[PDB]
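K.L.:
Got a sequence here, can you model it:
(one chain, ligands or ions: 3)
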Amino acid sequence: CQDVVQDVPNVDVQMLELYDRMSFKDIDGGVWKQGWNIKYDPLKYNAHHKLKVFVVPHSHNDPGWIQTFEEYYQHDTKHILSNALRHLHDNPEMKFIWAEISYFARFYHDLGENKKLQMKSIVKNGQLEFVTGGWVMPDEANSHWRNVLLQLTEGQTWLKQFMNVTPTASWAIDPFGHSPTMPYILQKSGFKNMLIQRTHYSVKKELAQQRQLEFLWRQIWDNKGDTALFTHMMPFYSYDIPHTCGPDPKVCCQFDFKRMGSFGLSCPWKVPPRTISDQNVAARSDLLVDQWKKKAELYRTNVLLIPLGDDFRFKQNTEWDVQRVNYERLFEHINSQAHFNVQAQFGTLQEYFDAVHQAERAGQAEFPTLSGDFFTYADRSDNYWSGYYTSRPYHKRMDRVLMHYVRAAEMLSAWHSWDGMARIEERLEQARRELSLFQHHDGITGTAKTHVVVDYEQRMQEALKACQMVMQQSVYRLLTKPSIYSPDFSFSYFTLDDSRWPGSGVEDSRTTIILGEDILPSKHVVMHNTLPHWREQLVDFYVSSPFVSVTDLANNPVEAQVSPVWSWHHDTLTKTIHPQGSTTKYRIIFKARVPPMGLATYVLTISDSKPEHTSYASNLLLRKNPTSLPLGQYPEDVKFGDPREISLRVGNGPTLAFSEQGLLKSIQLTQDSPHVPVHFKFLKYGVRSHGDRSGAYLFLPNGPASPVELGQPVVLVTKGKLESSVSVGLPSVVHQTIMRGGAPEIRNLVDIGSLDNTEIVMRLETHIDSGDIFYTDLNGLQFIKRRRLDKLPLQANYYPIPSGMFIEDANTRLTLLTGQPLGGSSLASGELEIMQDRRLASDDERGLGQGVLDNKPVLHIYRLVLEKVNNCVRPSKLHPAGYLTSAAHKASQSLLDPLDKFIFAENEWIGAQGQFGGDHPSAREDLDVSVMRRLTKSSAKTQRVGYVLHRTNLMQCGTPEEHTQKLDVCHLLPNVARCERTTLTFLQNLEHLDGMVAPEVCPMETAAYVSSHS
Ligand SMILES: OC[C@H](NC[C@H]1NC[C@H](O)[C@@H]1O)c1ccccc1
Ligand SMILES: *[C@@H]1O[C@H](CO)[C@@H](O)[C@H](O)[C@H]1NC(C)=O
Ligand SMILES: [Zn+2]
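P.N.:
Residues are numbered from 1 along each chain as shown. Ligands and ions are numbered 1, 2, ... in the order given. Coordinates below:
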């Protein structure tokens, strides 16, 4: 295994180093506004060295943005595809590339057989070529790598089945900045090349000057280079026709033949395209070939890529004709005039890359190596696209909840083969496809119109119900004596209980377990653990009595704690935000111990009085002028007091101190240690009253944030043996700090209400001497070092926080893990900050056509880990990566893949069993089974199950942590007959494994295996 910590890779371009050296000056470069006047030696190309030009027709089809997916399909995409089929069939030299498989599958299944066969023919002959082949062209900032793989697999599995092709070249022309997680996943999925477009205009200029726009993109920790993927970065401001033929859009726009008037389009540079004729073809060719030769100066080979397309292009038949005929006339002229020394033709993306690599093999070019990312993107001036790291945070959090539900449903149901009548494959395909659709670069990004966001939310709600159905049917089958099991596949044997989604204060949707002497004495509950190691974790349920005790299925008592159910209300009468306790339901909390990838059953039983193994939390309401808070049968009376500082400690864990406003002030790790200043604060950013306005995409603050005025907020302290908390009702945020014995959990119920032009940020202030350095993750896969640059504006120092961020000095580290992607930064030494929500009245001129005024309450979740790190083996100062400790990684897993909870719905569960998976191997803490998916339906004689295994890299800090079992996924199901290593999409077999044993992977590596069973 490669060492991902101690060996600094030697690369030609390292993006953090490049950023430190770059000046980022925004000067007028002439017709190429953000470049320079390109010059070329006309004698560079001659009869023996011609410029080979591939014009690649394309149509960017957003799966929802200004219209829903189905609205665009009906108005535009179905016509684009039907006309592409007709025009390509009739014009054999014409070509077209297609990226979004969600639309292609929607179209193809509506075709008659005659057309399906014609379509397969133009794909097989190479005229219509799929690029990337994912369900969507995903966002690369907020998306989790597991969902990027899910959607790539959904589209490519569909393509292999119906079109018999698997793309090896990727096309990503629109995500707003680019992540190295993409080449990581693509290179492990058979890809050989990729293309990107939205990178900072200053980066395009810098790399263009050094002819470093094509590079071998490797991961930041990859010393050897085995993760490298050839990457082409386009050079100009847009992927539209005016910015793809060459440096001068006033000239290129004249070669977009859809802009002459009848289509309702024009050229903003005021010179319209003109129909090519025999009397103007020589002059038109001389203008066009000159743009091509200028663009070719920015690259190292004599093979030039010229994309020809834009949003929802190639719809009407007249448009296919106007572009095709005019370009055919230009090609016939240019290719016949030796003096140009050009051979131009329509081509596909793969054809371009194959020709570039033929040039490379002929020794005509060597390509530079590069590592790093391409965030934060700016397309012009100070317009940095860091707003979409937070926009529509409700749905960003929903994405992570559905991510987990899809994994758990696919894993729980994979253990068995299911009859078709159970509709298991049907519900899983629906869930995978709705979650995959939301990875679109206007879905999770929060950049679609309000009714489109509603469509995505409705689709995800249906996917969550599909997952619950599959999960609960699986649990009933796995835990019921086989000869008693009698399923009704439409019945709800269990309901899922989720404590953090939508969340307390967001939706009252959790069911109360109703017990009573005259109705039902007890209730079985089951926990599932999708991670491949034993896990203990506190779980909670709502119950109708405080006198409840817990037992495991061997009837062993389990210690429990009961607390009230508190809800916060904005009292319009008193103009205060305060808590009300339920007088009819209570929370019971206890530790569940669940096997690796397994299930554990517990029983909740009511009694007439306080049971022996259940304790009751105390509750203290701090506010002046308190009023009574009755709690029904709860046995401890609520206590009251004036606001005051307080300290809490659960178990042997840390001791946390809080201000009189209910916000953390310090953390003391152990009895002896110091009380380390760690202060939470809420602040607000505004919008500029002159100049450019923030919107769904852009973050353009009107200076540093200002503190939210807190008033004298009401603070609620609940102190229990197993779980304690401090909750405070602040303006727009009910902030909670929860302690269960280790790193605290923070929950924010964020309701920005009607505060227009406001962004609410949560900041942590510490005295960690971090300087200008901080770390943020990329797609939940890796942590990259960031350096705050005062030469760039505040919004440029904001980065995606898809799952965590940290700051550290020689001795101390503070890590903040998240349960949802949000934007954040470290704007001063010792600080961390993460945006909670933003409400913006204005459109930001990127096409959305509205502000962001559809905010809704969202429950954001986090874990806060303060640790000593002076004994940890960390990368050297020049290494561009950082790595989590064991505790921070486990805290992240606690947020993203919690135990699932099931409440048996009926009164008695006949044949109930107490555990499943007790014999599953408990793997090393850094290894995860990211995906377990049965790949065959019940009629297959040889069943196949796919596994994706991911091993992260945790810092060595002197904590032995030993005795773990080897995990061989190929023997998890019985009767294995074959074990193969495959690409991550499971579509290609790479290695037949000896002994049918799937070896574990190296740190920072991800591998896929398929086991076959007889
Ligand atoms: O190339 C045309 C450009 N496309 C914008 C892309 N980014 C946001 C969406 O995903 C859209 O595809 C545009 C289209 C419409 C209005 C403004 C700009
Ligand atoms: C699928 O593509 C392969 C290319 O290697 C070809 O050999 C195979 O026959 C194709 N299957 C069909 C006919 O769909
Ligand atoms: Zn787009």
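K.L.:
so residue 162, which of the three states?
P.N.:
Assigned state for residue 162: helix (three-state reduction, DSSP: H, G, I helix; E, B strand; the rest coil).
K.L.:
residues touching it, list them.
P.N.:
105, 108, 120 (Cβ atoms under 8 Å, 6 or more residues apart in numbering). C-beta: built from backbone N, CA, C; applies to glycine.
K.L.:
where's the first one relative to ligand 1, distance?
P.N.:
If I follow you right, that is residue 105. Distance of residue 105 to ligand 1, computed by Cβ to the nearest ligand atom, to the nearest Å: 20 Å.
K.L.:
Counting neighbours, what do you get for the residue in the stretch 401-550 of the chain positioned nearest to ligand 3?
P.N.:
For the stretch 401-550 of the chain and ligand 3, the shortest gap (Cβ to the ion) falls at residue 441, measuring 5.5 Å. Other residues near residue 441 number 26, with proximity taken as other Cβ atoms under 10 Å.
K.L.:
just residue 12 next, same as before
P.N.:
By the measure other Cβ under 10 Å, the count of residues near residue 12 is 13.
K.L.:
same deal with the one 4 residues further on?
P.N.:
Neighbourhood size, residue 16 [other Cβ under 10 Å]: 18.
K.L.:
The one helix or strand it maps to packs against which elements?
P.N.:
In the assignment (DSSP states H and E), residue 16 maps to helix 15-21. Counting contacts by 3 or more Cβ pairs under 8 Å, 6 or more residues apart in numbering; DSSP states H and E, helix 15-21 is packed against strand 782-787.
K.L.:
Mind jotting down where the helices sit in the stretch 501-650 of the chain?
P.N.:
For the stretch 501-650 of the chain, no helices are identified by DSSP state H, counting those that start in this stretch.
K.L.:
Which stretches in it count as strands?
P.N.:
For the stretch 501-650 of the chain, the strands defined by DSSP state E, counting those that start in this stretch occupy 512-513, 522-529, 535-543, 548-552, 557-558, 560-571, 576-594, 598-606, 614-616, 618-622, 639-641, 646-649.
K.L.:
between these, which gets nearest to ligand 1?
P.N.:
strand 560-571 (36.1 Å; Cβ to the nearest ligand atom).
K.L.:
buried ones in that closest one?
P.N.:
For strand 560-571, burial by neighbour count (16 or more other Cβ atoms under 10 Å) applies to 560, 561, 562, 563, 564, 565, 566, 568.
K.L.:
quick one: strands adjacent to that strand?
P.N.:
Neighbouring strands of strand 560-571 in its sheet, by DSSP bridges, are strand 576-594 (antiparallel), strand 614-616 (parallel).
K.L.:
so how far is it off the chain centroid?
P.N.:
Distance, stretch centre to chain centre, for strand 560-571: 32 Å (Cα atoms, centre = their mean, to the nearest Å).
K.L.:
Write out the residues of this structure neighbouring ligand 3.
P.N.:
Within the chain, the positions adjacent to ligand 3 are 62, 174 by Cβ under 5 Å from the ion.
K.L.:
Quick check: closest non-adjacent residue to the spatially most central residue of the chain.
P.N.:
Residue closest to the average C-alpha location in the chain (Cα atoms, centre = their mean): residue 143, at 1.4 Å. Closest residue to residue 143 apart from its sequence neighbours, by Cβ to Cβ, 6 or more residues apart in numbering: residue 439 at 5.2 Å.
K.L.:
What distance do you get for the residue of the chain positioned farthest from its centre to ligand 3?
P.N.:
Distance from the C-alpha centroid of the chain, by Cα atoms, centre = their mean, peaks at residue 279 (53.7 Å). Per Cβ to the ion, to the nearest Å, residue 279 is found 39 Å from ligand 3.
K.L.:
Name the SS class of that residue, please.
P.N.:
Assignment for residue 279 (three-state DSSP): coil.
K.L.:
what does residue 895 give?
P.N.:
Here residue 895 is recorded as helix under three-state DSSP.
K.L.:
mind checking the end-to-end distance for stretch 837-853?
P.N.:
End-to-end distance for stretch 837-853, by Cα to Cα, to the nearest Å: 11 Å.
K.L.:
Tell me the buried residues in that stretch?
P.N.:
837, 838, 839, 840, 842, 843, 844, 846, 848, 850, 851, 852.
K.L.:
What are the boundaries of the strands in the stretch 701-850 of the chain?
P.N.:
Taking DSSP E, counting those that start in this stretch as the test, the strands found in the stretch 701-850 of the chain are 706-707, 715-719, 724-730, 733-739, 745-750, 758-766, 773-778, 782-787, 799-801, 804-808, 812-818, 822-825, 831-839.
K.L.:
hmm, back to that, now for the buried residues of stretch 837-853: which two are most distant?
P.N.:
Every pair in the buried residues of stretch 837-853 was compared (Cβ to Cβ); the two farthest apart turn out to be 837 and 846, at 19.7 Å.
K.L.:
looking at the strands paired with strand 560-571, which is closest to residue 183?
P.N.:
Distance to residue 183, taken as Cβ to Cβ, is lowest for strand 576-594 among the strands paired with strand 560-571, at 36.1 Å.
K.L.:
out of the strands of the stretch 501-650 of the chain, nearest to residue 150?
P.N.:
Proximity to residue 150 (Cβ to Cβ) singles out strand 522-529 among the strands of the stretch 501-650 of the chain, at 19.5 Å.
K.L.:
What residue in the stretch 401-550 of the chain comes nearest to ligand 1?
P.N.:
Per Cβ to the nearest ligand atom, residue 442 is where the stretch 401-550 of the chain lies closest to ligand 1, at 4.6 Å.
K.L.:
How about the contacts made by that residue?
P.N.:
Shown in contact with residue 442 (Cβ under 8 Å, 6+ apart): 62, 64, 65, 448, 452.
K.L.:
Quick one: neighbours of the residue lying closest to residue 417 once chain neighbours are set aside, just the number.
P.N.:
Closest residue to residue 417 in three dimensions, ignoring its sequence neighbours and counting by Cβ to Cβ, 6+ apart: residue 938, at 4.5 Å. By the measure other Cβ under 10 Å, the count of residues near residue 938 is 14.
K.L.:
What helix or strand is the residue of the stretch 651-800 of the chain found nearest ligand 3 located in?
P.N.:
Distances between the stretch 651-800 of the chain and ligand 3 by Cβ to the ion are smallest at residue 697, namely 11.4 Å. Using DSSP H and E, residue 697 sits within no helix or strand.
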